[PDB]
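[1] Fold the following.
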Amino acid sequence: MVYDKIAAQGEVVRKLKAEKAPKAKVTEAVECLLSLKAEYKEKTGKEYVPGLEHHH
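    Numbers count the residues shown, from 1 in each chain. Please find the structure below.
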């Protein structure tokens, strides 16, 4: 339901790409989503599901 750092910057890029931002940052966020979620895995989603989640 709720996820800190993972959502924190996850939305940062979501809004950026929405309002037109650089792919470098948009993807970067996708990464923090995969990286942070893996660190998260508290006891809710396990590798929390943000949105972008991993990007090539």
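[2] Longest helix in the protein, please.
    With DSSP state H applied, the helix covering the greatest number of residues in the chain is identified as helix 23-40.
[3] for the residue nearest to residue 2 when sequence neighbours are not counted, helix, strand, or coil?
    Among residues not flanking residue 2 along the chain, residue 44 sits closest, at 7.7 Å (Cβ to Cβ, 6 or more residues apart in numbering). Placement of C-beta: from N, CA and C, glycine included. Secondary structure assignment for residue 44 (DSSP: H, G, I helix; E, B strand; the rest coil): coil.
[4] What separation is there between residue 44 and residue 29?
    Taking Cβ to Cβ, to the nearest Å as the criterion, residue 44 is separated from residue 29 by 20 Å.
[5] Neighbour count: those two, which is higher?
    A direct count of neighbours by other Cβ atoms under 10 Å for residue 44 and residue 29 places residue 29 higher, at 25 against 11.
[6] before we move on, back to that, what residues are up against the residue nearest to residue 2?
    With Cβ atoms under 8 Å, 6 or more residues apart in numbering as the criterion, the residues that contact residue 44 are 1, 2, 3.
[7] Output the longest helix of the chain as CSV, nothing but the C-alphas.
    Once non-C-alpha atoms are left out, helix 23-40 reads as follows in CSV (Å, rounded to 0.1, in the frame of the first residue of the first chain):
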residue,chain,number,x,y,z
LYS,A,23,15.1,10.2,-20.2
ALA,A,24,18.3,10.0,-18.2
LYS,A,25,16.4,11.1,-15.1
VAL,A,26,13.2,9.3,-15.8
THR,A,27,15.0,6.0,-16.2
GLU,A,28,17.2,6.8,-13.2
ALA,A,29,14.0,6.8,-11.1
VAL,A,30,12.9,3.5,-12.6
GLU,A,31,16.2,2.2,-11.3
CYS,A,32,15.7,3.6,-7.8
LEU,A,33,12.4,1.8,-8.0
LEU,A,34,14.1,-1.6,-8.6
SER,A,35,17.0,-0.9,-6.4
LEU,A,36,15.1,0.6,-3.5
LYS,A,37,12.3,-1.9,-3.6
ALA,A,38,14.8,-4.7,-3.4
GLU,A,39,16.2,-3.0,-0.2
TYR,A,40,12.6,-2.5,0.9
